[PDB]
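Novice: this one's experimental. Sequence and coordinates below.
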Amino acid sequence: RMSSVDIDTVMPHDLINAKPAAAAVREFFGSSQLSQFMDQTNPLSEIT
DNA sequence: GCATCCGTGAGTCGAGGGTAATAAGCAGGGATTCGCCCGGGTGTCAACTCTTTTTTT
């Protein structure tokens, strides 16, 4: 994207995607074989 | 006649409950679609006339 917009007479915070990688970190906790539901049934299961 | 490489298989019933990311712009002309309104066919009612089963004479 930096080739289209003129670099001269520009500033930051505009040539940067708002959520270019936030979805990649949000999908990790949401859908992942490792990150699973919490077994919060008793104090022993919370520690095991 | 053998050596190398590409398809099928994997039990069965039950739990558990939804998900998620990129992102030009404006000018011409038609097809589409929502508001109002006249309207003619469908209902809902005042209100004028034959028949007759007795109930009265």
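Specialist: Cool, got the structure. Residues are numbered from 1 along each chain as shown, chains lettered A, B, ... in the order given.
Novice: gap between the spatially most central residue of chain A and DNA strand B?
Specialist: Note on chain A: the residue nearest the mean C-alpha position is residue A:25, at 2.5 Å, using Cα atoms, centre = their mean. Residue A:25 sits 11 Å away from DNA strand B, going by Cβ to the nearest atom of the strand, to the nearest Å. The way it works is simple: take the backbone N, C-alpha and C, and place the C-beta from them, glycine included.
Novice: what about that residue, which SS state?
Specialist: helix (DSSP: H, G, I helix; E, B strand; the rest coil).
Novice: check the one 4 residues further on too.
Specialist: When states are read from three-state DSSP, the local structure at residue A:29 comes out as helix.
Novice: try the one 5 residues further on
Specialist: Assigned state for residue A:34: coil (three-state reduction, three-state DSSP).
Novice: any figure for the gap between it and residue A:23?
Specialist: Going from residue A:34 to residue A:23 by Cβ to Cβ, to the nearest Å gives 18 Å.
Novice: and those two? which has more neighbours close in?
Specialist: When neighbours are counted by other Cβ atoms under 10 Å, residue A:23 comes out ahead of the other of residue A:34 and residue A:23, with 10 against 6.
Novice: can you give me the distance of the more buried one to residue A:30?
Specialist: Between residue A:23 and residue A:30 the distance is 10 Å, computed by Cβ to Cβ.
Novice: ok, which stretches of chain A are helices?
Specialist: A:22-30, A:43-47 (DSSP state H).
Novice: pipe those into TSV and attach distance to residue A:9 per row.
Specialist: Formatted as TSV, the helices of chain A follow (distance: least, Cβ to Cβ, whole Å):
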stretch	distance to residue A:9
helix A:22-30	29
helix A:43-47	57
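Novice: how about the residues of chain A by DNA strand B?
Specialist: A:1, A:17-20, A:23, A:26-27, A:30-31, A:37 (Cβ under 7 Å from any atom of the strand).
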